[PDB]
Amino acid sequence: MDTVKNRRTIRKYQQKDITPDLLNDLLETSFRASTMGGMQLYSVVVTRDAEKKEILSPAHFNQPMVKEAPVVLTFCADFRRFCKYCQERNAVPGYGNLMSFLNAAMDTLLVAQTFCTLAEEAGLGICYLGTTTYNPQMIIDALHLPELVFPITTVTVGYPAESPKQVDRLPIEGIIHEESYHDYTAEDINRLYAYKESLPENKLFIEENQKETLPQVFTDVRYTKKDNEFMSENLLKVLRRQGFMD
Amino acid sequence: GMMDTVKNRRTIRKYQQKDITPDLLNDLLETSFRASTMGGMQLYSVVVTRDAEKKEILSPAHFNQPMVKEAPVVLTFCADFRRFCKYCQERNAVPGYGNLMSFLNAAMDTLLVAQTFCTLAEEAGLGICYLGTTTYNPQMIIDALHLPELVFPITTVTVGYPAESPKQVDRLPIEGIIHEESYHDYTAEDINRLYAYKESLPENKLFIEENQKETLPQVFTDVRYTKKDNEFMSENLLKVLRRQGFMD
Ligand SMILES: Cc1cc2nc3c(=O)[nH]c(=O)nc-3n(C[C@H](O)[C@H](O)[C@H](O)COP(=O)(O)O)c2cc1C
Ligand SMILES: Cc1cc2nc3c(=O)[nH]c(=O)nc-3n(C[C@H](O)[C@H](O)[C@H](O)COP(=O)(O)O)c2cc1C
């Protein structure tokens, strides 16, 4: 609770390695997270080797965390293992479909976040890389992920070599809805985002992108319609490649 | 303490007749919202259901699993790009988030919160249970909670003070989940070795017997999560994502 209240994403890491015992203890416990049908529809590829990080780094747009973190974890949706189990038990699996993908993805994210929460409680810094679903084929290729296996997210982990100011969050009245969804009026939006907009960090972000409003940075530079649409089609292509759709 | 709590965690489906105060629920949620979020955008909303008739309305969506009516609190974690797009519309920005990629990005944001919450809730002495039925009946949840365009229900968690002390369920040996550097594909020997313990457990033998099957996976493939249902649901998902504007 104190750890979560005070958490922040860490992108700069010490030279200190994460012992296999610590890492496996964290992972093993993270595997205690809820799982559809007790099935554990995930795999975690652990990348420690410098040469291997070198190869994954372009998949993640060369974010320095990949090469600088002692450990890089690729959390993967995985129905392959369960299907192999089915195949060894005279069972016909029907999990090469989007619903199963989503099911496995949820299982995977639950594990990833439990890991992150436990890693942080242990004094480690973590960073999710969203680039995982931008370049899934590069990750599939790098990590030799076979059919019914799909990388969902990637976390970089190490002992913190920075202590950044915590980023803002919206007032909870903007996120929580009592009994039904209460749509946002312009007045709601202006109230909810007033504080975010007052922060020098966000004002700089607007100015250094030559925008007038904070949302324009997100729409025009960070997460554009063009890219989102390209990535949506790519996602379908890579989902089909991995057997999660026809 | 969170690690020992997680090590010993188990899903709780029976709850004490004891309410979760707003102070506690809101504190847990506010803290859960500190979970990592793409671009710091917070692409989720949480519908909090406490009313009895609201629970009765949600119940069928969740196949009338008892926890919906029995828990003092039912939380529907929703992927939400709507709030951000409304913000865009008020700041002269043209959003392009009515697509699958953006839906998946919001979903992830949402699942991170949900699980941060569940972990915090369990640390606070509560018991939780996820309902997987959320993605079987998203339209019904959409209608029930009045989730508009760019809002999609991802998962639902029933929360309460525990009124059961169930045996912990098993997990696979970690060597069956963790792969060093690259994915190490499973041989029949690997499979047999990994699942041996699971298959030896009386619950699982009972699960097979009471389902008229010969092996554990058959219960899953033939009864619980069937090919036919999975395909139907896959199609249903595309339909509902379309209806909610996360694809054309
Ligand atoms: C995506 C997801 C969906 C779930 N759906 C249900 C469900 O609808 N009904 C239920 O009783 N439990 C559900 N659960 C709980 C699991 O059955 C449970 O996590 C699994 O049996 C392992 O049990 P444990 O959490 O006690 O270790 C779900 C869990 C996940 C992550
Ligand atoms: C799934 C998702 C994808 C993310 N992708 C990246 C990314 O690739 N690069 C990065 O530096 N941070 C990434 N993050 C971290 C967020 O940018 C970060 O959580 C946000 O700035 C809020 O900061 P905080 O975690 O310190 O509160 C991602 C977070 C989420 C959950």
# chains A, B, ... in the order shown; residues from 1 in each chain; ligands from 1
$ residues_near_ligand --ligand "ligand 1" --cutoff "6 Å" --atoms "only C-alpha atoms and all ligand atoms" --output "VMD selection string"
(chain A and resid 32 to 38 103 106 to 107) or (chain B and resid 10 to 11 129 to 133 168 to 169)
$ residues_near_ligand --ligand "ligand 2" --cutoff "9 Å" --atoms "only C-alpha atoms and all ligand atoms" --output "PyMOL selection string"
(chain A and resi 6-11+60-61+63+65+109+113+126-132+152-155+164-169) or (chain B and resi 33-42+105-110+112)
$ residues_around --residues "region 232-242 of chain A" --least-positions-apart "3" --cutoff "10 Å" --atoms "only C-alpha atoms" --output "short mmCIF file (atom, residue, chain, number, x, y, z; two decimals) with N, CA, C and O atoms, in the first residue's frame"
data_model
loop_
_atom_site.label_atom_id
_atom_site.label_comp_id
_atom_site.auth_asym_id
_atom_site.auth_seq_id
_atom_site.Cartn_x
_atom_site.Cartn_y
_atom_site.Cartn_z
N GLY A 96 -7.43 -21.62 -30.73
CA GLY A 96 -6.77 -20.77 -31.72
C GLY A 96 -7.75 -19.72 -32.19
O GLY A 96 -8.19 -19.71 -33.33
N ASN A 97 -8.09 -18.81 -31.29
CA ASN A 97 -9.13 -17.84 -31.62
C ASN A 97 -8.96 -16.65 -30.73
O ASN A 97 -8.26 -16.73 -29.73
N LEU A 98 -9.56 -15.53 -31.11
CA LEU A 98 -9.36 -14.23 -30.39
C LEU A 98 -9.79 -14.27 -28.92
O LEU A 98 -9.14 -13.66 -28.05
N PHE A 101 -7.06 -15.86 -27.06
CA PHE A 101 -5.99 -14.90 -26.98
C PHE A 101 -6.25 -13.94 -25.84
O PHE A 101 -5.38 -13.72 -25.02
N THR A 133 3.61 -4.68 -28.24
CA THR A 133 2.53 -4.86 -29.20
C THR A 133 2.65 -3.97 -30.45
O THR A 133 1.78 -4.00 -31.30
N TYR A 134 3.73 -3.19 -30.56
CA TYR A 134 4.07 -2.47 -31.79
C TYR A 134 4.87 -3.42 -32.70
O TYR A 134 4.58 -3.58 -33.90
N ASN A 135 5.83 -4.10 -32.09
CA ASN A 135 6.73 -5.03 -32.79
C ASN A 135 6.68 -6.47 -32.31
O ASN A 135 7.72 -7.05 -32.00
N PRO A 136 5.46 -7.04 -32.25
CA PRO A 136 5.35 -8.39 -31.80
C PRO A 136 6.09 -9.38 -32.67
O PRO A 136 6.67 -10.29 -32.12
N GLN A 137 6.06 -9.24 -34.00
CA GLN A 137 6.79 -10.15 -34.86
C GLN A 137 8.31 -10.10 -34.56
O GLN A 137 8.99 -11.14 -34.51
N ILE A 140 8.58 -12.14 -31.40
CA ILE A 140 8.33 -13.54 -31.70
C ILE A 140 9.61 -14.15 -32.30
O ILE A 140 10.07 -15.20 -31.87
N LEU A 145 9.08 -17.59 -30.31
CA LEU A 145 7.77 -17.85 -29.77
C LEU A 145 7.02 -18.60 -30.84
O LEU A 145 6.88 -18.09 -31.94
N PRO A 146 6.59 -19.83 -30.55
CA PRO A 146 5.87 -20.57 -31.56
C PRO A 146 4.37 -20.33 -31.55
O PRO A 146 3.88 -19.49 -30.84
N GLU A 147 3.65 -21.05 -32.38
CA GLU A 147 2.21 -20.93 -32.47
C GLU A 147 1.49 -21.10 -31.10
O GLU A 147 1.86 -21.93 -30.28
N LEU A 148 0.50 -20.25 -30.89
CA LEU A 148 -0.31 -20.14 -29.66
C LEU A 148 0.47 -19.43 -28.52
O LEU A 148 0.12 -19.48 -27.34
N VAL A 149 1.51 -18.71 -28.92
CA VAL A 149 2.31 -17.93 -27.98
C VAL A 149 2.41 -16.52 -28.55
O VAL A 149 2.69 -16.37 -29.74
N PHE A 150 2.16 -15.49 -27.73
CA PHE A 150 2.13 -14.11 -28.20
C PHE A 150 2.65 -13.21 -27.10
O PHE A 150 2.20 -13.33 -25.97
N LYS A 226 -2.93 7.31 -37.38
CA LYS A 226 -2.26 6.60 -38.47
C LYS A 226 -1.52 5.36 -37.97
O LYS A 226 -1.69 4.27 -38.51
N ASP A 227 -0.70 5.57 -36.95
CA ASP A 227 0.04 4.52 -36.28
C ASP A 227 -0.87 3.53 -35.57
O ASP A 227 -0.60 2.35 -35.60
N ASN A 228 -1.90 4.00 -34.87
CA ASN A 228 -2.83 3.11 -34.17
C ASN A 228 -3.53 2.19 -35.14
O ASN A 228 -3.73 0.99 -34.86
N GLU A 229 -3.90 2.75 -36.29
CA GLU A 229 -4.59 1.98 -37.33
C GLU A 229 -3.61 0.98 -37.98
O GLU A 229 -3.92 -0.19 -38.13
N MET A 245 -5.95 -16.61 -34.65
CA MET A 245 -7.07 -16.39 -35.55
C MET A 245 -6.79 -16.97 -36.90
O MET A 245 -5.65 -17.37 -37.21
N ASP A 246 -7.86 -17.10 -37.66
CA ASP A 246 -7.82 -17.57 -39.03
C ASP A 246 -7.74 -16.38 -39.96
O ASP A 246 -8.37 -15.34 -39.75
N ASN B 99 -9.92 1.97 -32.50
CA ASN B 99 -9.27 0.87 -33.19
C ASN B 99 -8.81 -0.22 -32.22
O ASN B 99 -8.82 -0.02 -31.01
N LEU B 100 -8.54 -1.40 -32.76
CA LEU B 100 -8.19 -2.55 -31.93
C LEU B 100 -6.95 -2.33 -31.09
O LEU B 100 -6.89 -2.74 -29.93
N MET B 101 -5.95 -1.70 -31.67
CA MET B 101 -4.70 -1.43 -30.97
C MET B 101 -4.95 -0.66 -29.71
O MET B 101 -4.40 -0.99 -28.66
N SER B 102 -5.77 0.38 -29.82
CA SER B 102 -6.09 1.28 -28.72
C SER B 102 -6.93 0.54 -27.71
O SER B 102 -6.77 0.74 -26.52
N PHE B 103 -7.84 -0.32 -28.18
CA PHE B 103 -8.61 -1.17 -27.28
C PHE B 103 -7.70 -2.06 -26.46
O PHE B 103 -7.86 -2.19 -25.25
N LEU B 104 -6.73 -2.69 -27.11
CA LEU B 104 -5.80 -3.53 -26.38
C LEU B 104 -4.95 -2.71 -25.41
O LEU B 104 -4.67 -3.16 -24.30
N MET B 247 -13.47 -0.73 -33.32
CA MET B 247 -13.15 -1.15 -34.66
C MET B 247 -14.29 -0.84 -35.57
O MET B 247 -15.41 -0.59 -35.12
#
$ residues_around --residues "region 209-223 of chain A" --least-positions-apart "5" --cutoff "6 Å" --atoms "only C-alpha atoms" --output "PyMOL selection string"
chain B and resi 88+91+93+95
$ write_last_selection --atoms "C-alpha atoms" --output "mmCIF file, in the first residue's frame"
data_model
loop_
_atom_site.group_PDB
_atom_site.id
_atom_site.type_symbol
_atom_site.label_atom_id
_atom_site.label_comp_id
_atom_site.auth_asym_id
_atom_site.auth_seq_id
_atom_site.Cartn_x
_atom_site.Cartn_y
_atom_site.Cartn_z
ATOM 1 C CA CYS B 88 -9.158 15.736 -26.804
ATOM 2 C CA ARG B 91 -8.472 20.721 -26.298
ATOM 3 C CA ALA B 93 -7.171 17.471 -30.606
ATOM 4 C CA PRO B 95 -8.208 11.463 -31.356
#
$ closest_residue --among "A:157, A:102, A:206, A:92" --to "residue 228 (chain B)" --atoms "only C-alpha atoms"
A:92
$ residues_around --residues "region 184-190 of chain A" --least-positions-apart "5" --cutoff "10 Å" --atoms "only C-alpha atoms" --output "PyMOL selection string"
(chain A and resi 173-174+195+197) or (chain B and resi 82-84+86-91)
$ interface_residues --of "chain B" --to "chain A" --cutoff "7 Å" --atoms "only C-alpha atoms" --output "JSON, numbers by chain"
{"B": [2, 3, 6, 7, 9, 30, 31, 34, 44, 45, 46, 47, 48, 49, 83, 87, 88, 90, 91, 93, 94, 95, 96, 97, 99, 100, 101, 102, 108, 111, 112, 115, 116, 120, 145, 146, 147, 174, 177, 178, 179, 180, 181, 182, 183, 186, 188, 191, 215, 217, 218, 221, 226, 227, 230, 231, 233, 234]}
$ closest_residue --among "B:118, B:17, B:143, B:77" --to "residue 54 (chain B)" --atoms "only C-alpha atoms"
B:143
$ select_by_dssp --residues "region 85-201 of chain B" --states "strand (DSSP E or B)" --output "list in words"
residues 127, 128, 129, 130, 131, 151, 152, 153, 154, 155, 156, 157, 158, 159, 160, 162, 178, 179 and 180 of chain B
$ select_by_dssp --residues "region 41-105 of chain B" --states "helix (DSSP H, G or I)" --output "CSV table (one decimal) with N, CA and C atoms, in the first residue's frame"
chain,number,residue,atom,x,y,z
B,52,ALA,N,-28.3,-3.8,-4.3
B,52,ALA,CA,-28.8,-5.1,-4.5
B,52,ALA,C,-29.5,-5.4,-5.8
B,53,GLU,N,-30.3,-4.5,-6.3
B,53,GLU,CA,-31.0,-4.7,-7.5
B,53,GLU,C,-30.0,-4.5,-8.7
B,54,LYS,N,-29.0,-3.7,-8.5
B,54,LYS,CA,-28.0,-3.6,-9.5
B,54,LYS,C,-27.2,-4.9,-9.7
B,55,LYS,N,-26.9,-5.5,-8.6
B,55,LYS,CA,-26.3,-6.8,-8.5
B,55,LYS,C,-27.2,-7.9,-9.2
B,56,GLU,N,-28.5,-7.9,-9.0
B,56,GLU,CA,-29.4,-8.8,-9.6
B,56,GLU,C,-29.4,-8.6,-11.1
B,57,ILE,N,-29.3,-7.4,-11.6
B,57,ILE,CA,-29.2,-7.1,-13.0
B,57,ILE,C,-27.9,-7.6,-13.7
B,58,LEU,N,-26.8,-7.4,-13.0
B,58,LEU,CA,-25.5,-7.9,-13.5
B,58,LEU,C,-25.4,-9.4,-13.4
B,60,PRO,N,-27.1,-12.2,-14.3
B,60,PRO,CA,-27.3,-13.0,-15.5
B,60,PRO,C,-26.1,-12.9,-16.5
B,61,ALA,N,-25.6,-11.7,-16.6
B,61,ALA,CA,-24.4,-11.4,-17.5
B,61,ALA,C,-23.3,-12.4,-17.0
B,62,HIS,N,-23.2,-12.6,-15.7
B,62,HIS,CA,-22.1,-13.4,-15.1
B,62,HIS,C,-22.6,-14.8,-14.9
B,67,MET,N,-21.5,-15.0,-6.4
B,67,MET,CA,-20.6,-14.0,-5.9
B,67,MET,C,-21.1,-12.6,-6.3
B,68,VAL,N,-21.8,-12.5,-7.4
B,68,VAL,CA,-22.3,-11.1,-7.8
B,68,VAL,C,-23.3,-10.6,-6.8
B,69,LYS,N,-24.2,-11.4,-6.3
B,69,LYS,CA,-25.2,-10.9,-5.4
B,69,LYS,C,-24.7,-11.0,-4.0
B,70,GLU,N,-23.8,-12.0,-3.7
B,70,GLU,CA,-23.3,-12.2,-2.3
B,70,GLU,C,-22.2,-11.2,-1.9
B,82,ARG,N,-12.8,6.8,-23.9
B,82,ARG,CA,-13.9,7.8,-24.0
B,82,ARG,C,-13.5,9.1,-23.2
B,83,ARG,N,-13.1,8.9,-22.0
B,83,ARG,CA,-12.7,10.1,-21.2
B,83,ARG,C,-11.6,10.8,-21.9
B,84,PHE,N,-10.5,10.1,-22.3
B,84,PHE,CA,-9.4,10.8,-23.0
B,84,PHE,C,-9.9,11.5,-24.3
B,85,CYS,N,-10.8,10.8,-25.1
B,85,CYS,CA,-11.2,11.5,-26.3
B,85,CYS,C,-12.1,12.7,-26.1
B,86,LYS,N,-12.8,12.7,-25.0
B,86,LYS,CA,-13.6,13.8,-24.6
B,86,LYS,C,-12.7,14.9,-24.2
B,87,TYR,N,-11.6,14.6,-23.6
B,87,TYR,CA,-10.6,15.6,-23.2
B,87,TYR,C,-10.0,16.2,-24.5
B,88,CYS,N,-9.7,15.3,-25.5
B,88,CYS,CA,-9.2,15.7,-26.8
B,88,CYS,C,-10.1,16.7,-27.4
B,89,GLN,N,-11.4,16.4,-27.5
B,89,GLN,CA,-12.4,17.2,-28.1
B,89,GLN,C,-12.5,18.6,-27.4
B,100,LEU,N,-8.5,-1.4,-32.8
B,100,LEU,CA,-8.2,-2.6,-31.9
B,100,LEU,C,-6.9,-2.3,-31.1
B,101,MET,N,-5.9,-1.7,-31.7
B,101,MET,CA,-4.7,-1.4,-31.0
B,101,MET,C,-4.9,-0.7,-29.7
B,102,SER,N,-5.8,0.4,-29.8
B,102,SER,CA,-6.1,1.3,-28.7
B,102,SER,C,-6.9,0.5,-27.7
B,103,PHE,N,-7.8,-0.3,-28.2
B,103,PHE,CA,-8.6,-1.2,-27.3
B,103,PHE,C,-7.7,-2.1,-26.5
B,104,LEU,N,-6.7,-2.7,-27.1
B,104,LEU,CA,-5.8,-3.5,-26.4
B,104,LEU,C,-5.0,-2.7,-25.4
B,105,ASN,N,-4.5,-1.5,-25.8
B,105,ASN,CA,-3.8,-0.7,-24.9
B,105,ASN,C,-4.6,-0.3,-23.7
$ atom_distance --atom1 "CA of residue 123 (chain B)" --atom2 "CA of residue 78 (chain B)"
23.0 Å
